[PDB]
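Below: one structure, written as structure tokens.
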Amino acid sequence: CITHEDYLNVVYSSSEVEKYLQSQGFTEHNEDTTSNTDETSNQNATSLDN
Amino acid sequence: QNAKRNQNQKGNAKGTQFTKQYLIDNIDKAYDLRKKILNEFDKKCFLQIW
């Protein structure tokens, strides 16, 4: 009654086992408001002398 | 024109590793995990004479 039960499958040719679990959560939000204002004017001084 | 933006944002991440190693000489240290508690009763609770 001791736990030195290494009578089968002695793998100590080092055998480094890894694990790498990885989760990720991500939300996002935007609010993009523009507002234009624009006005024009001109003048059209024309002439013709037939 | 004017323009205003509001980029609200959040993240999350939950990593986890479970790396086990198996050096060879740990069983040498594990030979007597129960021996030094079992003879402790011989040291302190039982008549150590014939």
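In the structure tokens, each chain is lettered A, B, ... as it comes, each chain's residues begin at 1, and ligands are numbered from 1 in order of appearance.
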Starting from chain A, keep only residues with some atom at most 10 Å from an atom of chain B, counting only C-alpha atoms, and report them as a ChimeraX atom specification.
/A:1-6,10-38
Could you dump the residues just selected with N, CA, C and O atoms as a short mmCIF file (atom, residue, chain, number, x, y, z; two decimals), in the first residue's frame?
data_model
loop_
_atom_site.label_atom_id
_atom_site.label_comp_id
_atom_site.auth_asym_id
_atom_site.auth_seq_id
_atom_site.Cartn_x
_atom_site.Cartn_y
_atom_site.Cartn_z
N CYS A 1 0.82 -1.21 0.00
CA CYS A 1 0.00 0.00 0.00
C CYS A 1 0.86 1.27 0.00
O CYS A 1 0.88 2.05 0.95
N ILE A 2 1.61 1.43 -1.10
CA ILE A 2 2.19 2.70 -1.54
C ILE A 2 1.98 2.78 -3.05
O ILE A 2 1.80 1.77 -3.73
N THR A 3 2.00 4.01 -3.57
CA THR A 3 1.57 4.31 -4.94
C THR A 3 2.72 4.39 -5.93
O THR A 3 2.67 5.19 -6.87
N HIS A 4 3.73 3.57 -5.75
CA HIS A 4 4.85 3.46 -6.69
C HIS A 4 4.50 2.39 -7.72
O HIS A 4 5.18 1.38 -7.88
N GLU A 5 3.38 2.60 -8.41
CA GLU A 5 2.89 1.67 -9.42
C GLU A 5 3.38 2.13 -10.79
O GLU A 5 2.65 2.66 -11.63
N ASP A 6 4.65 1.85 -11.03
CA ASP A 6 5.31 2.10 -12.29
C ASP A 6 5.90 0.81 -12.82
O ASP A 6 7.10 0.67 -13.04
N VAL A 10 6.36 2.90 -18.68
CA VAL A 10 7.25 3.90 -18.10
C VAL A 10 7.75 4.75 -19.27
O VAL A 10 8.68 4.37 -19.98
N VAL A 11 7.09 5.88 -19.49
CA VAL A 11 7.58 6.84 -20.47
C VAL A 11 8.21 8.00 -19.72
O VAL A 11 7.55 8.98 -19.37
N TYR A 12 9.51 7.89 -19.48
CA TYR A 12 10.26 9.00 -18.95
C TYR A 12 11.45 9.34 -19.82
O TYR A 12 12.38 10.02 -19.39
N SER A 13 11.44 8.87 -21.06
CA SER A 13 11.98 9.67 -22.15
C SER A 13 11.07 10.88 -22.24
O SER A 13 9.98 10.76 -22.81
N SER A 14 11.54 12.04 -21.79
CA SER A 14 10.78 13.05 -21.05
C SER A 14 9.30 13.24 -21.36
O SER A 14 8.50 13.34 -20.43
N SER A 15 8.92 13.29 -22.65
CA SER A 15 7.53 13.29 -23.11
C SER A 15 6.70 14.43 -22.51
O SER A 15 5.73 14.21 -21.80
N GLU A 16 7.10 15.66 -22.81
CA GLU A 16 6.39 16.83 -22.31
C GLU A 16 5.08 16.98 -23.06
O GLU A 16 5.07 17.28 -24.25
N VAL A 17 3.96 16.81 -22.37
CA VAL A 17 2.66 17.04 -22.98
C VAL A 17 2.20 18.43 -22.61
O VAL A 17 2.26 18.83 -21.45
N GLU A 18 1.75 19.19 -23.61
CA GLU A 18 1.22 20.52 -23.42
C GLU A 18 -0.27 20.53 -23.69
O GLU A 18 -0.81 19.61 -24.29
N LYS A 19 -0.93 21.59 -23.23
CA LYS A 19 -2.25 21.98 -23.69
C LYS A 19 -2.28 23.50 -23.73
O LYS A 19 -1.52 24.15 -23.02
N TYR A 20 -3.14 24.04 -24.58
CA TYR A 20 -3.28 25.50 -24.61
C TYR A 20 -4.69 25.83 -25.07
O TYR A 20 -4.93 26.03 -26.26
N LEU A 21 -5.61 25.93 -24.13
CA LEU A 21 -6.96 26.35 -24.45
C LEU A 21 -7.01 27.87 -24.45
O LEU A 21 -6.26 28.52 -23.73
N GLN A 22 -7.89 28.42 -25.27
CA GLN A 22 -7.92 29.87 -25.44
C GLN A 22 -9.27 30.28 -25.99
O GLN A 22 -9.63 29.86 -27.09
N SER A 23 -10.01 31.09 -25.25
CA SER A 23 -11.24 31.67 -25.75
C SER A 23 -11.08 33.17 -25.85
O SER A 23 -10.08 33.74 -25.43
N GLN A 24 -12.11 33.83 -26.40
CA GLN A 24 -12.02 35.25 -26.69
C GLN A 24 -13.41 35.78 -26.97
O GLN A 24 -14.16 35.18 -27.74
N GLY A 25 -13.75 36.90 -26.35
CA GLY A 25 -15.02 37.56 -26.61
C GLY A 25 -14.77 39.03 -26.93
O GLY A 25 -13.83 39.64 -26.42
N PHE A 26 -15.64 39.58 -27.77
CA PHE A 26 -15.34 40.89 -28.36
C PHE A 26 -16.61 41.48 -28.93
O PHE A 26 -17.19 40.90 -29.85
N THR A 27 -17.05 42.61 -28.42
CA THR A 27 -18.08 43.38 -29.10
C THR A 27 -17.50 44.71 -29.50
O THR A 27 -16.33 45.00 -29.24
N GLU A 28 -18.34 45.54 -30.12
CA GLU A 28 -17.89 46.79 -30.71
C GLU A 28 -19.14 47.61 -30.99
O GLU A 28 -20.24 47.07 -31.08
N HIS A 29 -18.97 48.93 -31.10
CA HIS A 29 -20.08 49.79 -31.44
C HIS A 29 -19.55 51.05 -32.10
O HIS A 29 -18.40 51.44 -31.88
N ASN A 30 -20.39 51.69 -32.92
CA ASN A 30 -20.05 52.95 -33.56
C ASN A 30 -21.28 53.83 -33.63
O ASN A 30 -22.41 53.34 -33.61
N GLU A 31 -21.05 55.14 -33.70
CA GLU A 31 -22.08 56.12 -34.01
C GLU A 31 -21.41 57.22 -34.82
O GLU A 31 -20.61 57.98 -34.26
N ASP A 32 -21.70 57.30 -36.10
CA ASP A 32 -21.03 58.25 -36.98
C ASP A 32 -22.08 59.17 -37.59
O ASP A 32 -22.82 58.75 -38.49
N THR A 33 -22.14 60.41 -37.12
CA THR A 33 -23.11 61.38 -37.61
C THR A 33 -22.37 62.54 -38.25
O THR A 33 -21.52 63.16 -37.60
N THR A 34 -22.69 62.84 -39.50
CA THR A 34 -22.21 64.04 -40.16
C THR A 34 -23.39 64.96 -40.43
O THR A 34 -24.55 64.55 -40.31
N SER A 35 -23.09 66.19 -40.82
CA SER A 35 -24.13 67.13 -41.23
C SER A 35 -23.49 68.22 -42.07
O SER A 35 -22.66 68.98 -41.58
N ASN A 36 -23.89 68.30 -43.34
CA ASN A 36 -23.40 69.30 -44.28
C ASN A 36 -24.33 70.51 -44.29
O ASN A 36 -25.53 70.39 -44.05
N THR A 37 -23.74 71.67 -44.55
CA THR A 37 -24.45 72.89 -44.92
C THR A 37 -23.65 73.57 -46.02
O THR A 37 -22.44 73.75 -45.89
N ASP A 38 -24.32 73.97 -47.10
CA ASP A 38 -23.65 74.65 -48.21
C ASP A 38 -24.63 75.41 -49.07
O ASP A 38 -25.74 74.94 -49.34
#
(message) Quick check for you: according to DSSP on this backbone, which residues of chain B are classed as alpha helix (DSSP H)? Reply as number ranges by chain.
(response) B: 26-29, 35-44
One number please: CA of residue 49 in chain B to CA of residue 37 in chain B, in Å, one decimal.
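So the two atoms, CA of residue 49 in chain B and CA of residue 37 in chain B, lie 19.7 Å apart.
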